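> Give me a model of this one.
(chains A, B, C, D, E, F, G, H and I, ligands or ions: 8)
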Amino acid sequence: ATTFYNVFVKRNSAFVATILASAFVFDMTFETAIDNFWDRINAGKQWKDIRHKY
Amino acid sequence: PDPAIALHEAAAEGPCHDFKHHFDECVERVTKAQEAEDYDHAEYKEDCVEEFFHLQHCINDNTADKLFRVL
Amino acid sequence: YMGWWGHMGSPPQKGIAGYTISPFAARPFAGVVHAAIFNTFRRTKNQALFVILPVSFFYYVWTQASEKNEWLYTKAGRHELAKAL
Amino acid sequence: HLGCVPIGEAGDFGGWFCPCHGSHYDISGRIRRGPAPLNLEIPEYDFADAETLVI
Amino acid sequence: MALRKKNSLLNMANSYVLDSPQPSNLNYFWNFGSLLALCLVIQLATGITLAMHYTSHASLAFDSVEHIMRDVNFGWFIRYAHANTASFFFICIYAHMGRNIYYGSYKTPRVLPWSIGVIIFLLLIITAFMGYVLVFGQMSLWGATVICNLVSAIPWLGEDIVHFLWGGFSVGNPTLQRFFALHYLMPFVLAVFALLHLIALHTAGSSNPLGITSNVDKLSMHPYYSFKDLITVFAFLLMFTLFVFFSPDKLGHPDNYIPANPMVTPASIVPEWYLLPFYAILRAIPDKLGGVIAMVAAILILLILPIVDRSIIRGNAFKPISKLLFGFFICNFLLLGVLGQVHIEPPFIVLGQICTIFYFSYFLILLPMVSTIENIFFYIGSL
Amino acid sequence: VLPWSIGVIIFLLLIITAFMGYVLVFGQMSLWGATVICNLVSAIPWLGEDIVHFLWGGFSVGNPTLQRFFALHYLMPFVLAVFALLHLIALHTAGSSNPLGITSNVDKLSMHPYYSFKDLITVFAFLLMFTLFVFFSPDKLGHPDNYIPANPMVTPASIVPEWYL
Amino acid sequence: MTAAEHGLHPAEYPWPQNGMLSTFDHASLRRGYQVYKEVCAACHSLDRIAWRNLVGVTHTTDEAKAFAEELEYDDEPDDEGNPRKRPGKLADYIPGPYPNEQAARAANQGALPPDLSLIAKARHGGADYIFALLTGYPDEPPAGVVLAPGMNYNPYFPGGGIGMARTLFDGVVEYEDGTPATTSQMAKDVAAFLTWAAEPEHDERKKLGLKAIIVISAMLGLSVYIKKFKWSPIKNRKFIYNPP
Amino acid sequence: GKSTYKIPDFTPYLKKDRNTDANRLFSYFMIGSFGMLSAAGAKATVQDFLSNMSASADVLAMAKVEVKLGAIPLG
Amino acid sequence: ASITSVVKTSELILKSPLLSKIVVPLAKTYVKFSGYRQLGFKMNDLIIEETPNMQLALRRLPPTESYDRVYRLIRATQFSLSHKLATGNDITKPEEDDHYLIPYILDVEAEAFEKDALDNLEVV
Ligand code: HEC
Ligand code: HEM
Ligand code: HEM
Ligand code: HEM
Ligand SMILES: CCCCCCCCCCCCO[C@@H]1O[C@H](CO)[C@@H](O[C@H]2O[C@H](CO)[C@@H](O)[C@H](O)[C@H]2O)[C@H](O)[C@H]1O
Ligand SMILES: CCCCCCCCCCCCO[C@@H]1O[C@H](CO)[C@@H](O[C@H]2O[C@H](CO)[C@@H](O)[C@H](O)[C@H]2O)[C@H](O)[C@H]1O
Ligand SMILES: CCCCCCCCCCC1=C(C)C(=O)C(OC)=C(OC)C1=O
Ligand code: FES
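Numbers count the residues shown, from 1 in each chain, chains lettered A, B, ... in the order given. Ligands and ions are numbered 1, 2, ... in the order given. Find the structure here:
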């Protein structure tokens, strides 16, 4: 906790770096997660689901 | 055949029977009134649109979900 | 009528001691459940009539007007409509 | 060079001559003389038939 | 000395957004001012963006809006954001004005920010009216026709003024191109007046819900109201999201998706919902000129609140009768809104007249009476 | 230093404002000037080409470019007026300098009426110059090629900027 | 106004796309295009839709190019400046049945069939209105209704007399996916397709809105925590007054 | 009531572990998460919004061009 | 409206037996429902002060009254921002609701209004 504070939080430069890197990771993972979830709740309805017929 | 034909008929004879009767009575009156002479020179000519709307609104309430379920 | 820090325009203050604790020392959500239930109930109870009375009156007026208007434009309301115009 | 259109058949290398600053392109449309740094860019083109190309 | 205080430019920002001394007890109704600033920023960003893709010529206008919806990347978002934020702007402005009337923000020493505020409200109405015409659908055209014809009621020169405004003999291409140019400009004028009312306010500072001085107990604007403003910003963005992404056309009229046709008249020509109370007031007066005067007076009468409120106390927190009258006034204003969009039929015609009388009698009779009596009740009651 | 530094930005905003406004005519100089000046951005390494296509909203100067320049040309003068105001507010801390370069704190004159009425003389001198151009020689400062409609095929004999650039 | 002047209000049907998280059913969209093409396109244009719009919604790139290439469009003039036609391309718009309004009205006893690209947004009711209208022609008009010449009774249409006759009858279309083409089925499919034509961003819009809702909600929760954290010294303040 | 050295009761609000790194770290986790979602939200907003200025779908459709070659003479 | 006006009208009502019989009970209920006592205010604390006349009257308060008013304003502000009411001794009891300020403002206004009258005098 001290260690974590000292490395990632104490210096604002490090805190902002950590926040931005987390935002990058969140952005990429959230994209992928929503894509999968959206495809499951709307299964068989979307073009990608009927495309194989044509 | 069109699923709606049967669903609509069922709803008219069943949950919307009171409205069906009112529409029927109205049509009987209006047709009879049209049959009578000097109808064309009357001030007020009754229609049955109101009663028809009451019936249709009712049929639609009892059918909409059932119909889309079988398409 | 307002100055700035150091000379805000307050009458002279004397004899008040003010105390508080650091945001890091405090529980920000202390007493939240009691507030959310009992405080909100008290605050809402004490203002309820000032909302209820005008809303209920104007809703009743609208209801009466809209129902009559609907009725006047039916077959049944032909005669009353003719007089109204 | 800057982005005028060369007058074809003109030049000094008898391909294309840009009148704007006097840059001469070849029959390959390669730059030979004048301020222009590069040869005239080639689009992405494919011969669908031998009588028609798509660009 | 700190740089934020020393440097004159920084110090102007500092005086408004950081060191600005605020009452320590502003409630959530003090958050509409920053929501209005947010709406204004959204409208500038989306509006300038739409202007990059919109064509003001009448032959192309409606189709340029379809091009925005269909072909421009995120055009649908920018268009619906702009259209819905116009409605949110009026919800926030009615809330902000309601706050001001309930808490006596119009009383001395804040008559000047309030009076400039009344003009900001008129500029918003004109801005939004002109922007709506730009779509050049059926409601755009027919709305412009009927609203611009109200000017014909100005005696002697009225018809001439209408033809001058139109730049022709009916609403057409000249009118659309001038409305585009003015619609682009008006938000900048509005932002200047919004700034002027704040500068005027800064001499007294914000009022507060108790109606007493806050000179005894001030809080810096930052961080306290900065972080309190974020809560309502996120609440606003959630409401914005529900409309823009899930119900983008709920606040609009389907007829505005039909291209303007000078021949066919729509079934019912109504203003955008936020103008509806003023339209009901206009219909209430049988005379054309009478109706226009009444409609304008309904806004300009806000300027007399500093006079007609006779109270020795600022605001309604401790005035039970004033609170009841305020409740009736607000509900009547919403009834007027509803009556603005009903058909001109019995019994709504007479009801609209009664509601219009109540609207004006609040300012002219009831508030002066009630505020006088409560003065006496406070004095006798506390002896 | 601060009013001067803001001034340098005002000057850049004027250049951009006037550049975009010139494109709006969509004559030959409008188009070819836009082409050549916007292609300078291609020189930005790595991303330059992508930025140019982004600015144009397409692969050459065309309708998307013209409509965006209209919108920005409308906006930029308002931005410019704000910065003009900022440089004056910044100046007001020291006041105007003067031709001798010494302090004027020893000897001040109200802006009105002295500089109000002195400003009128140059306003009328300016209006006389304005009149001679606008009424008697309206096209002396322009390029005849801008009365030919933009043609992406034909390149004009010489593409030069407006004299002030 | 009378209910007749308003039109009967359509039922709320459970469309697949109703639902914060629901897309269109793209199989229904494809079938609805085929109804448009084989029934409606005789009288109604779809002018805001280009062939490229169908691709990856209802059809593959190849199917849509095939549809385009079967038509002829105006080319730029030839070298002698004479008019020319070319085969259609994906960038072309779907061509309408009539050259102008006058021709359209002449073919429809004076009535002008509207363009259908925005009709789902241009009518109260949307898909439900289109479905209700197409399926709501009674065999006989209610006794007493006098229809104007060239009018058909339909209660959903305001006033009741519409210049469009009933057009959907069981098996006017033969669906390519084997679905029984009943009046109801065709009306549902074409109403879905037209709703797509009016709002083709629908599917993407709702998914981006899901992302927005989640992020904005989280930020709302965190903004509440942060506000309470920063405000706690002010809320928790206590005083002792000793009158001087 | 009178003595100003007797601090008012703050026991309903005081955390026992107020001085620990864990205690601070928690509040910075909240602040940091909020900064993280604001950064991700701003990035998404900026990217989607500015993309309006990239070539629209109708401009992207006007690219590939077919030319005959039979008409073109030698030289 | 001026404090002078309010006080004069109130005195007309308190004179009339009939009027006082019907007004005084109403005024007392009004004050109870007003609820300012539940924030520990006295009635006079609520009077608008951003006026030349009221600034002058406040400057003429005895120091003790002045210091206590400052405390009541600060305490009420704290109850407002916390969404709490006063309890116990912080509630203003009816006997504590004294018109400490009315005499000062009535003097300030007396002079201000006499000055206005005498600015309009006509030698006869
Ligand atoms: C052969 C003629 C014809 C065919 C086939 C036809 N329509 Fe129409 N349609 C019309 C005419 C004419 C009108 C205008 C009716 C009026 O305004 O009185 C119209 C009007 C409409 C309206 C608008 C009614 C309103 O509210 O204004 C919709 C929606 C509509 N049609 C959809 C369809 C659909 C969907 C199909 C077929 C799948 C279709 N039409 C087939 C001739 C046709
Ligand atoms: C674009 C429109 C507007 C913006 C952006 C705006 C913004 C603000 C802001 C930030 C404040 C200070 C914070 C607050 O009290 O909410 C404020 C205060 C005020 N505004 Fe507005 N405002 C707008 C329109 C109006 C209108 C239309 C009126 C009046 C009809 C008005 C009258 C006032 C008044 C009187 C105050 C002081 C209220 C007080 O603190 O007691 N404003 N405004
Ligand atoms: C206070 C700020 C503003 C308000 C209240 C406002 C309001 C409106 C409204 C109501 C519309 C009709 C929207 C629709 O139904 O489609 C509109 C359209 C438009 N506005 Fe604005 N607007 C504002 C600022 C701006 C600004 C600054 C611009 C800059 C040019 C602008 C450009 C446009 C354009 C081009 C349209 C037409 C395209 C469309 O309908 O979306 N607006 N505006
Ligand atoms: C829209 C353009 C501008 C306007 C309207 C404007 C206006 C003015 C005015 C009214 C003054 C005070 C009177 C005077 O000295 O003439 C002034 C002073 C000044 N301006 Fe500008 N200005 C503009 C552009 C610039 C630019 C581009 C610069 C610098 C590159 C600049 C730098 C200054 C400086 C340093 C002063 C103070 C000079 C002094 O009094 O010694 N301005 N400007
Ligand atoms: C709200 C948007 C953010 C941008 C700020 C708005 C820009 C316009 C603001 C400038 C208008 C002049 O605004 C005026 O500036 C000066 C100093 O800045 C302020 O002066 C105030 O602060 C300074 C120190 O902070 C003190 O010397 C002074 O006693 C006090 O009154 C005025 O209270 C304010 O009315
Ligand atoms: C002040 C800012 C300074 C510099 C900022 C530069 C930002 C400008 C770059 C615009 C980038 C857009 O780049 C492109 O964006 C869109 C979304 O917008 C993405 O598109 C992706 O998500 C969108 C929705 O968000 C879906 O419709 C799409 O199917 C998917 O591919 C692309 O994957 C990405 O390639
Ligand atoms: C372009 C002109 C727009 C003016 C508004 C911009 C200022 C942003 C709102 C900030 C704000 C101010 C100034 C303010 O004074 C105030 O205190 C009453 C607020 O919060 C309660 C505010 O939110
Ligand atoms: S532009 Fe081609 S030679 Fe310079």
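
> Not counting its neighbours along the chain, what's nearest the residue of the stretch 151-300 of chain E found nearest chain G?
In the stretch 151-300 of chain E, the residue that lies nearest chain G is residue E:245 (2.6 Å; CB to the nearest CB). For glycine as for every other residue, the C-beta is placed from the backbone atoms N, C-alpha and C. Using CB to CB, 6 or more residues apart in numbering or on different chains and skipping the chain neighbours, the partner closest in space to residue E:245 is residue G:209 (2.6 Å).

> go on, residue I:26?
Among residues not flanking residue I:26 along the chain, residue E:377 sits closest, at 6.8 Å (CB to CB, 6+ apart).

> so what's that neighbour up against?
Residue E:377 makes contacts with I:26, I:27, I:30, I:31, as judged by CB atoms under 8 Å, 6 or more residues apart in numbering or on different chains.

> Which helix or strand contains it?
helix E:367-382 (DSSP states H and E).

> Check which residues of that helix are buried.
By 16 or more other CB atoms under 10 Å in any protein chain shown, the buried positions in helix E:367-382 come out as E:367-368, E:370-382.

> Look at residue E:345 and say how many residues are nearby.
When neighbours are defined as other CB atoms under 10 Å in any protein chain shown, residue E:345 has 14 of them.

> Leaving out sequence neighbours, find the closest residue to it.
That would be residue C:69: by CB to CB, 6+ apart, it lies 5.9 Å from residue E:345.

> Give me the phi and psi angles of the one you found.
phi -60, psi -40 (degrees, to the nearest 10).

> need the longest helix for chain I.
The residue-count maximum for a helix in chain I (DSSP state H) belongs to helix I:63-82.

> helices or strands up against that helix?
Applying 3 or more CB pairs under 8 Å, 6 or more residues apart in numbering or on different chains; DSSP states H and E, one finds that helix I:63-82 contacts strand C:16-19, helix G:202-235, strand G:238-241.

> Which single residue in chain C comes nearest to chain A?
For chain C, CB to the nearest CB, closest residue to chain A: residue C:24, 12.5 Å.

> Contact partners for the residue in chain E that chain A sits nearest to?
As assessed by CB to the nearest CB, chain A sits closest to residue E:245 within chain E, at 13.3 Å. Residues near residue E:245 by CB under 8 Å, 6+ apart: G:205, G:206, G:208, G:209, G:212, G:213.

> Verify the stated contact: the second one with residue G:199.
No. Applying CB atoms under 8 Å as the test, residue G:206 and residue G:199 come out as separate, 10.3 Å apart.

> all strands of chain H, in order?
Remark: strands assigned in chain H by DSSP state E are H:66-68.

> Tell me which residue in chain I sits closest to ligand 8.
Distance from ligand 8 to each residue of chain I (CB to the nearest ligand atom) is smallest for residue I:81, at 69.7 Å.

> who's in contact with that residue?
Contacts of residue I:81 were listed using CB under 8 Å, 6+ apart, and they are E:24, E:25, G:234, G:235.

> what phi and what psi does the backbone show at the second one?
What it means is residue E:25. The phi/psi pair for residue E:25 (degrees, to the nearest 10) is phi -120, psi 30.

> how close does it get to ligand 2?
Distance of residue E:25 to ligand 2, given as CB to the nearest ligand atom, to the nearest Å: 12 Å.

> so how many other residues sit close to that residue?
22.

> Hmm, residue E:212 and residue E:25 touching each other?
No. Counting by CB under 8 Å, residue E:212 is not a contact partner of residue E:25; they are 9.7 Å apart.

> Need the residues touching each of those two.
residue I:77.

> Pull out the buried residues from the contacts of residue E:377.
Neighbour counting by 16+ other CB under 10 Å classes I:27, I:30, I:31 among those as buried.

> okay if I get those residues as TSV plus secondary structure?
Below are those laid out as TSV (DSSP: H, G, I helix; E, B strand; the rest coil):
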residue	secondary structure
I:27	helix
I:30	helix
I:31	helix
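
> The residues you listed: which ones sit near chain E?
Filtering those for proximity to chain E by CB under 8 Å from any CB of the partner chain leaves I:27, I:30, I:31.

> What are the neighbouring residues in contact with the first one?
The neighbours of residue I:27, taking CB under 8 Å, 6+ apart as the test, are E:376, E:377, E:378, E:379, E:380, E:381.

> same thing but 6 Å
Applying CB atoms under 6 Å, 6 or more residues apart in numbering or on different chains, we find residue I:27 in contact with E:377, E:380, E:381.

> Out of the residues you listed, flag the one nearest to residue C:56.
Nearest to residue C:56 among the contacts of residue I:27: residue E:377, at 25.8 Å, using CB to CB.

> so which residue of chain G comes closest to ligand 3?
For chain G and ligand 3, the shortest gap (CB to the nearest ligand atom) falls at residue G:121, measuring 11.9 Å.

> Run the angle between the lengthiest helix in chain A and helix G:202-235 for me.
Ordering each helix of chain A by length in residues (DSSP H) puts helix A:12-41 first. Orientation check (axes from the mean of the first three to the mean of the last three CA atoms, to 10 degrees): helix A:12-41 against helix G:202-235 gives 140 degrees.

> Report how many residues lie close to the closest residue to chain F within chain D.
Here the residue of chain D nearest chain F is residue D:4; by CB to the nearest CB that distance is 4.0 Å. When counting by other CB under 10 Å, one arrives at 21 neighbours for residue D:4.

> Now do the SS call for it.
Put simply, residue D:4 is coil when judged by three-state DSSP.

> any idea how far it lies from residue D:37?
Residue D:4 is 14 Å from residue D:37, where distance means CB to CB, to the nearest Å.

> Tell me which helix or strand residue I:18 sits in.
helix I:17-34.

> List the buried residues for whichever helix or strand comes after that helix?
For helix I:17-34, the succeeding helix or strand toward the C-terminus, using DSSP H and E, is helix I:52-59. Neighbour-count burial for helix I:52-59, counted by 16+ other CB under 10 Å, picks out I:53, I:54, I:56, I:57, I:58.

> Can you name the residue of chain B nearest ligand 2?
residue B:57 (44.2 Å).

> nope, chain C is what I was after
Counting by CB to the nearest ligand atom, chain C gets nearest ligand 2 through residue C:2, at 11.6 Å.

> Using the three-state scheme, assign that residue.
Here residue C:2 is recorded as coil under three-state DSSP.

> Over to it: give its phi and psi.
phi -130, psi 140.

> count of residues packed around residue 48?
The chain I'm using is chain A. Burial of residue A:48 is recorded as 10 neighbouring residues (other CB under 10 Å).

> wait, I meant chain G there
Burial measure for residue G:48: 20 neighbouring residues, criterion other CB under 10 Å.

> hang on, isn't it packed against residue G:117?
Yes. If you go by CB atoms under 6 Å, residue G:48 and residue G:117 touch, sitting 3.6 Å apart.

> is the longest helix seen in chain B anywhere near chain G?
If you go by DSSP H, chain B has its longest helix at helix B:17-35. Yes. Using CB under 6 Å from any CB of the partner chain, we find that helix B:17-35 touches chain G at B:27, B:30, B:31.

> The first one reaches residue B:48, doesn't it?
So that's residue B:27. Yes. Between residue B:27 and residue B:48 there is a contact under CB under 6 Å: 5.4 Å.

> Give me the common contacts of those two.
Residues touching both residue B:27 and residue B:48 by CB under 6 Å, 6+ apart: residue G:143.

> what about these two, which has more around it?
residue B:48 (24 against 18).

> can you give me how far stretch E:202-213 is from the chain middle?
23 Å (CA atoms, centre = their mean, to the nearest Å).

> repeat for stretch E:260-274
For stretch E:260-274, the distance to the chain centre is 22 Å (CA atoms, centre = their mean).

> So which residue is smack in the middle of chain G?
Centroid-nearest residue in chain G: residue G:195, 2.0 Å away (criterion: CA atoms, centre = their mean).
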